[PDB]
Amino acid sequence: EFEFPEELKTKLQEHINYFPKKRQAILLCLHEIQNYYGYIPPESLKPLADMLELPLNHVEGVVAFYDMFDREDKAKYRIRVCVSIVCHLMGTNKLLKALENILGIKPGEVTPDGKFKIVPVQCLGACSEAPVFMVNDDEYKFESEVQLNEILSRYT
Amino acid sequence: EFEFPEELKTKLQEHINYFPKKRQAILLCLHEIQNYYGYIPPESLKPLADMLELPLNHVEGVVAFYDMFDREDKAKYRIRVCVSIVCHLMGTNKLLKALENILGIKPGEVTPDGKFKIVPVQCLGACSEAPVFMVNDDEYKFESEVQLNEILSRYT
Amino acid sequence: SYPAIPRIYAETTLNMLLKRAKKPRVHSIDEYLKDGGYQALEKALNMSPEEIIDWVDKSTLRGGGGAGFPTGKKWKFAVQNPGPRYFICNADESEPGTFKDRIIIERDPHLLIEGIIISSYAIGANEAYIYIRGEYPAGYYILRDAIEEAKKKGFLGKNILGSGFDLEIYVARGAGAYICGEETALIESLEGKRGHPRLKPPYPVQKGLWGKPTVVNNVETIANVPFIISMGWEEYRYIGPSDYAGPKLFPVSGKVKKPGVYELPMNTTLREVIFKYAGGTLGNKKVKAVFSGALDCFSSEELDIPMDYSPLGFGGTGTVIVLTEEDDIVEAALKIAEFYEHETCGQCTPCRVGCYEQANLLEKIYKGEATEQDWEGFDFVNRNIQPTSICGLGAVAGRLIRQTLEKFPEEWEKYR
Amino acid sequence: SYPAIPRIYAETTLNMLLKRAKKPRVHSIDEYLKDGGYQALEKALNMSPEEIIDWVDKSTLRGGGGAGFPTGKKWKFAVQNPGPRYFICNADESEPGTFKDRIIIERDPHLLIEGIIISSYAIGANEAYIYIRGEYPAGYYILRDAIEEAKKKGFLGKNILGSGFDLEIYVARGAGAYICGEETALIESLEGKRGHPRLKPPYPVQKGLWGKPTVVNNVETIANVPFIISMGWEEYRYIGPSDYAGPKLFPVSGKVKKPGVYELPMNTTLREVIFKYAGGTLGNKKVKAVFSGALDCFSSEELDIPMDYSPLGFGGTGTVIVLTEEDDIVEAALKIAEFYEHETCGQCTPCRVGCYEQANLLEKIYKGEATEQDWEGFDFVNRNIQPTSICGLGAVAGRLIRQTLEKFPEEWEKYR
Ligand SMILES: NC(=O)c1ccc[n+]([C@@H]2O[C@H](COP(=O)([O-])OP(=O)(O)OC[C@H]3O[C@@H](n4cnc5c(N)ncnc54)[C@H](O)[C@@H]3O)[C@@H](O)[C@H]2O)c1
Ligand SMILES: NC(=O)c1ccc[n+]([C@@H]2O[C@H](COP(=O)([O-])OP(=O)(O)OC[C@H]3O[C@@H](n4cnc5c(N)ncnc54)[C@H](O)[C@@H]3O)[C@@H](O)[C@H]2O)c1
Ligand SMILES: Cc1cc2c(cc1C)N(C[C@H](O)[C@H](O)[C@H](O)COP(=O)(O)O)c1[nH]c(=O)[nH]c(=O)c1N2
Ligand SMILES: Cc1cc2c(cc1C)N(C[C@H](O)[C@H](O)[C@H](O)COP(=O)(O)O)c1[nH]c(=O)[nH]c(=O)c1N2
Ligand code: SF4
Ligand code: SF4
Ligand code: FES
Ligand code: FES
Ligand SMILES: [Cl-]
Ligand SMILES: [Cl-]
Ligand SMILES: [Cl-]
Ligand SMILES: [Cl-]
Ligand SMILES: [Cl-]
Ligand SMILES: [Cl-]
Ligand code: NA
Ligand code: NA
Ligand code: NA
Ligand code: NA
Ligand code: NA
Ligand code: NA
Ligand code: NA
Ligand code: NA
Ligand code: NA
């Protein structure tokens, strides 16, 4: 009873044809699924397995292993906040506070509208620009509440 | 008198035997002679004419007609620089200037050691890669002096 | 191992002429065969010549050499005349901005060789020629090797595939004359003479190589023939508009982001070639002019024309040299004048003296060293290269420059 | 149009790896070619594979992934094993403080690509992979685009520049696991599985991707390879000290005025990195410690060490995280404990329970809720993460924290 939209099915198929073996495309497909729905829907896993020619069990264990994928909370925009040594030293707490002031949510939570979810992550490889956060694929240095608010206004 | 070395005479004979009629081989023969000597020797036209079973006059007329053949200047390497519209517009002059910086010569000139001659030519049929030059049969796009200097260093 | 060649960018929406040549490397016979190559030939040899001519006719294939003459019609004319007949592939490609044919020669030689063999069988020629400019040394060596490959696999020689049809393809090299691209001067050169055009008529199909019926076709033209036989003419005619059907190559150069060869249908506009396919202009500058090689000049008000052989269409070889708003049109016209100066063969007096004086006076104008008489003289000679001319070089050597004069008066007027 | 990227400061005294990547923008293939790009590749293809290995060997090039393994020697191990063989570029960069590789990926992709092609050729690999972390989406798209540019210019594909050498580079993305930067887990991930390290030996060069000889190298390592070929190994070895020659990248973060990536020779001291290059400390406060990522902790008494791979040297990835006098070392230790907690893959029991317990008990200590048993327990688990460990995470998860206990006893005693 579960079928991928055609515009998504095509993209998945592109990834599967890209490497010499189909199963190498698994994480790219999953990224694409999450990109499309705002999360990994559990019911998407069965047919992804078929296309990969993998057991469902293999696929489920992969989703659970890799921290970027999320099977619980649908969100349009994921605010990834680095909570590692350098960002913590240079003001992660000030960033989290500003996010709470603007949006009304803490790490782990989703805004009532389903728009924004704050995800605490380990070092994002931009430590010299600490404290660092991402908004989906975009990545920024936090300067101040007013600066953060302007940035967030660009995601509608 | 003048007589072609045996390894060249052989190659001239192969061209003359290739087409149904000997006289069709004239331009291949002349390309061959130019490849061998670095130019067309005036004294080579007489015996070539006998092999083609053509009058000397006919052969001389042909050499004068076709721009690729040079009877004046020996050179080991001919740098053919396109001077037609697309190369001129995209930076023939930068290539020539770079050529003067590296080699110490301008179009028409041979280096003292008889190694490089710069020949300005019309469109070479690589206009998308303008500005274009050849070094004998090798053809390249000019990017910069540093790139050109590296290429020219390959010809000893 | 072949001489170095720059890797010209190539892109196709149709995946035919450039199906292999979109990748910048030699494709040898095994790869060609794996892709179903030489099967069109086999199918051709099970058909009569007349039928092959008929398909090519109904395909609406036109000449890709620049004049756009109907190919099937050309062939029909040749076969009306008693044999023997000769077939010639014109690979002299020497017009400014034109580099479409060489990527076929250098990357997919078997598409051309297959086309030559079918074409030669169709007109009853047992002997065929490739005449390739001398500034394409790599193409020459590549073709020579591909012909041998075809021989070894029995696609050339006597009694090809048990058909009774004999063919050898000889490869000739030019040696620096643009004029040798003109079909009659080409033939003169193949006969071991200088490249002097002959008065047409007679056209080659009546009197050509050794005075015998001869078909001259362009490399691109011939590369369509395997597809026509393979797909049938109906499927071929679905490509693009019904009147001007099939793939066409477009070598695009100058002030565009993605210069290269594009395989496109002929209902594409000139605007589409530049902005949709070639990625727009360098620096997103406004288009000022397009030079159709050294033949025509289109202004920015003429970009919405089809790339076909219609009266209002771009026509020609499909050569698109783009100039933008900062490019001096007089400077560019001087380069076109200099080209014709260097390539008149000199048999016709107005062409001989006209091409020379056009360049020589235009240089004076350009450098600011022109007298009033030099100006008037320039105007006059530009308009008087054509009279008594026996070939198309003389007929057009003033055409593009005249067009700049008419379309950019303000910029010319400023050279006073 | 790529995703937004912070503009990380970069500075070089050598002008090699950061020649272009010192400017915070994408440098496309045209700019690369203008700087002589891809000429090293052309020189490489006219050498034998064996010759290239000798050059890389004689260059003294070591791995920039953190372990400093001699690169030449790694390659030599691979090629004594029967093919086919694979080349892998490790762009997982997920060590705390470490952001050196990304500026090459994002700013000068062709330097990396050129390196990959030469190295693949050197070890006879016809198929190569870049494995880039999922949290670098911009680097991913930038690499995809760059690979297309290279294909179009004929630097990738079949029969590269008439050499007979074939190569495709595939780009894979991670999805959140630090452990996937471990070379055997990376391979497992490339095979479409969970990132579980494998028992070594065998090393990848004997048995890696699909069980075949596989060379894994770090981005920075690979980026050196074009310079070695271009300059020759002799000239390259003139840079820095002759035992640890060539450029090295140093990502500096924390309490420095000019945080960013520095391209420097390896005779540079740690004190020079902080004070001569990185502008000294914020507020001119005294240096308390330097964290070499999550690997080592250096005190203020250890700043005059070379940034080389000698026993007494800084070593590692060159990551310099600076803490000053007011920064609480226990707080910083907690953050490091939390990192390992989140990244153990859990295959090994002491690493699984140890990484969790170290972080859990240290949190209690930090918050002032630790019993006497919690204290003694924390000490014990810290010393007992490594037993039975099959990869370097378990081997080092206690290491830095142990060093803080030895080097800052006064601060720890405050918490007890
Ligand atoms: N591709 C290049 O590199 C290049 C270079 C220079 C010029 N050109 C092109 O050359 C063109 C001019 O060529 P042309 O003078 O040969 O053109 P044309 O119109 O005189 O003839 C075109 C073709 O049709 C044939 N033909 C025409 N009428 C015929 C008839 N009644 N009977 C039999 N055959 C007939 C000719 O023999 C020839 O093969 C220009 O339009 C220019 O674009 C191309
Ligand atoms: N850059 C980052 O983001 C990052 C992240 C985590 C860890 N690291 C680094 O990882 C390092 C540890 O990595 P490791 O466990 O791979 O180190 P290692 O010393 O075990 O291996 C180093 C390299 O040499 C090879 N090698 C070693 N001995 C060999 C042998 N006998 N035969 C053949 N090949 C051999 C290995 O295959 C590997 O490629 C740490 O020093 C740390 O700095 C870096
Ligand atoms: C001065 C000059 C120069 C050329 C030409 C013409 C003239 C006037 N022609 C056109 C040629 O004479 C002839 O029309 C074609 O080769 C016929 O082939 P298609 O009918 O286009 O297949 C021409 N054609 C071609 O195929 N290649 C070339 O390089 C040239 N060059
Ligand atoms: C837990 C963990 C994590 C990583 C590593 C190790 C371990 C134990 N290694 C080192 C990797 O296994 C290997 O040594 C290098 O990739 C080999 O390349 P070089 O020889 O340094 O070029 C590693 N290397 C790298 O290039 N990038 C990375 O992100 C990581 N991450
Ligand atoms: S018109 Fe010009 S090029 Fe043509 S034959 Fe006459 S003189 Fe020669
Ligand atoms: S040491 Fe830790 S990270 Fe490494 S394999 Fe064992 S459990 Fe996994
Ligand atoms: S510690 Fe936050 S990006 Fe590195
Ligand atoms: S204008 Fe120079 S190659 Fe065409
Ligand atoms: Cl199943
Ligand atoms: Cl806190
Ligand atoms: Cl957390
Ligand atoms: Cl005589
Ligand atoms: Cl059949
Ligand atoms: Cl510079
Ligand atoms: Na080509
Ligand atoms: Na010619
Ligand atoms: Na004709
Ligand atoms: Na004409
Ligand atoms: Na910075
Ligand atoms: Na960057
Ligand atoms: Na990862
Ligand atoms: Na696994
Ligand atoms: Na190894």
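Residues numbered from 1 in each chain as written, not as in the entry; some residues may be left out. Chains lettered and ligands numbered in written order. Heavy atoms only, no water.

## Concerning the overall build of chain A
To keep things clear, this is the line we draw: Elements are defined by DSSP. Helices are runs of H or I of four residues or more, strands are runs of E of two residues or more, and each kind is numbered from the N terminus. Classification of residues uses two cut-offs on accessible area relative to the type maximum, computed with a 1.4 Å probe and protein chains only: under 20% is buried, over 50% is exposed, and between them is partly exposed.
Broken down by element type, chain A carries seven helices and four strands. Reading the helices (α) and strands (β) of chain A from amino to carboxyl end gives α-α-α-α-β-α-α-β-β-β-α. Taking the principal axes of its C-alpha atoms as reference, chain A extends roughly 50 × 30 × 25 Å. Counting only residues that meet the buried cut, chain A has 54% of its 156 residues in that class.

## Here we look at the sheet that holds strand β5 (residues 214-218) of chain C
All names here are of chain C. Test applied: A pair of strands is treated as paired once DSSP finds two or more bridges between them. Note on geometry: axes are lines fitted to C-alpha atoms, helical ones only across the stretch in contact, with angles between N-to-C directions running from 0 to 180 degrees. Whether two residues touch is decided by their heavy atoms; if any such pair falls within 4.5 Å, the residues are in contact.
In spatial order, the strands read β4-β3-β2-β5; together these four strands make up an open sheet with parallel pairing. Two strands in the sheet have a free side with no partner beyond their single neighbour: β4 (168-173) and β5. Sheet twist, expressed as the average angle between the axes of neighbouring strands with direction ignored, equals 20°. Of the pairings in the sheet, the one linking strand β3 (residues 125-132) to β4 comprises six bridges and is parallel in character. Paired with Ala-128 across the two strands is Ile-169, which belongs to β4. Packing against the sheet, helix α4 (residues 71-79) makes contact with β2 (85-91) and β5, and its axis sits at approximately 165° to β5.

## Observations concerning the interface of chain C and chain B
Selection rule: Two parts placed together each lose some accessible area; with a 1.4 Å probe, that loss summed over both constitutes the buried area. What counts as a salt bridge is simple: a side-chain nitrogen of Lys or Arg found within 4 Å of a carboxyl oxygen of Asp or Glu. Whenever a nitrogen or oxygen atom comes within 3.5 Å of another N or O atom, the pair is scored as a polar contact, on the condition that within protein one atom can donate a hydrogen and the other can accept it, and that pairs from neighbouring residues in sequence are kept only if both atoms are in side chains. Each residue gets one label: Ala, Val, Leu, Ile, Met, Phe, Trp, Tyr, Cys and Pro are nonpolar, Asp, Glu, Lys and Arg are charged, and the others, such as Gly, are polar.
Counting residues at the interface gives 66 residues for chain C and 38 residues for chain B. Note on chain C versus chain B: buried area summed over both sides is about 4000 Å², and carbon and sulfur give 63% of it. For the chain C face of the interface with chain B, the top three residues by lost area are C:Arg173, C:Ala175 and C:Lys335, together amounting to 14%. Between chain C and chain B we count one salt bridge in total. If you look at where chain C meets chain B, you find 13 residue pairs in polar contact. Considering each element in turn, the side of chain C that touches chain B owes the most residues, eight residues, to helix α12 (residues 329-343) of chain C. Of the residues that constitute the side of chain C that touches chain B, the class distribution is 35 nonpolar, 14 polar and 17 charged.

## Considering the packing of helix α2 (residues 26-37) of chain A against helix α3 (residues 45-52) of chain A
All names here are of chain A. For clarity, the cut-off: Each helix crossing is assigned a hand: it is left-handed if the near helix lies turned anticlockwise from the far helix by less than a right angle, otherwise right-handed if that turn is clockwise.
Relative to each other, α2 and α3 sit at 145°, their axes nearing to 11 Å. Remark: the crossing between α2 and α3 carries right-handed chirality. Where α2 approaches α3, its residues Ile-26, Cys-29, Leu-30 and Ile-33 are matched on the opposing element by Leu-45, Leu-48 and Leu-52. The class makeup of the residues in the contact of α2 with α3 is seven nonpolar, no polar and no charged.

## Details of the UniProt feature "binding site: [2Fe-2S] cluster" in chain A
Residues and elements named next belong to chain A. Which entries qualify depends on this criterion: UniProt positions are given in the numbering used here, feature names are shortened, and annotations may be inferred rather than shown by experiment.
Look at the UniProt record and you will see "binding site: [2Fe-2S] cluster" annotated at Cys-82, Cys-87, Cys-123 and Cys-127. These annotated residues cover 46 residues of sequence, and their C-alpha atoms all fall within 9.2 Å of one another, placing them together at a single site. Its place among the elements puts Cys-87 in helix α5 (residues 85-90). Ignoring sequence-local partners within four residues, the contact set of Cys-87 consists of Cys-82, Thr-92, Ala-130, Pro-131 and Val-132. Note that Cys-123 resides in the loop between β2 (116-121) and β3 (132-135).

## Brief notes about the nonpolar core
If you look at soluble globular proteins, the nonpolar side chains tend to sit buried side by side. Using the following cut-off: The definition of a nonpolar core used throughout is a set of buried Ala, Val, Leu, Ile, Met, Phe, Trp, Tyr and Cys residues joined through side-chain atoms within 4.5 Å.
Residues D:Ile130, D:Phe291 and D:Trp412 are the most contacted members of the largest nonpolar core, which totals 160 residues. With residues up to four places along the chain from it excluded, the contact list for D:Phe291 reads A:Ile85, D:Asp296, D:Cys297, D:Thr319, D:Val320, D:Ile321, D:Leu323, D:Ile329, D:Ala332, D:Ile336, D:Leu400 and D:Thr404. B:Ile33, B:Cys87, C:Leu186 and C:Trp210 belong to the second-largest nonpolar core, a separate cluster that totals 158 residues.

## Things to note about helix α6 (residues 92-103) of chain A
Note the following rule: Expected helix span is given by 1.5 Å per residue-to-residue step, counting one fewer step than there are residues.
Taking 1.5 Å per residue as the helical rise, α6(A) with its twelve residues ought to reach 16 Å, and the 16 Å between its terminal C-alpha atoms agrees with that figure. Looking at the buried side of α6(A), the elements it contacts are β1 (77-82), α5, β2, β3 and α7 (145-152) of chain A.

## Focus on the interface of chain A and chain D
Listed per partner, the contact involves 38 residues of chain A and 64 residues of chain D. In this assembly, chain A packs against chain D so that about 4000 Å² is buried in total across both faces, 63% of it on carbon and sulfur atoms. Taken together, chain A and chain D are joined by one salt bridge. Measuring nitrogen to oxygen at the nearest pair gives 2.8 Å for the salt bridge that ties A:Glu139 to D:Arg102. At the boundary of chain A and chain D, one finds 16 residue pairs in polar contact. Ranked by residues supplied to the side of chain A that touches chain D, first place goes to α5(A) with five residues. Split into classes, the residues belonging to the side of chain A that touches chain D amount to 22 nonpolar, nine polar and seven charged.

## A word on the coordination of the sodium ion (ligand 16)
Rule in force here: As a rule, N, O and S atoms within 2.8 Å of a metal are its donors, except that Na, K and Ca use 3.2 Å; water is not among the atoms, so sites may look incomplete.
For the sodium ion (ligand 16), the full set of protein donor atoms is C:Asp92 (OD) and C:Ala177 (O), at a range of 2.7 to 3.0 Å. Placement of the pair is C:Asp92 in the loop between β2 and α5 (101-107) and C:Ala177 in the loop between β4 and α8 (183-190), with a sequence separation of 85 residues.

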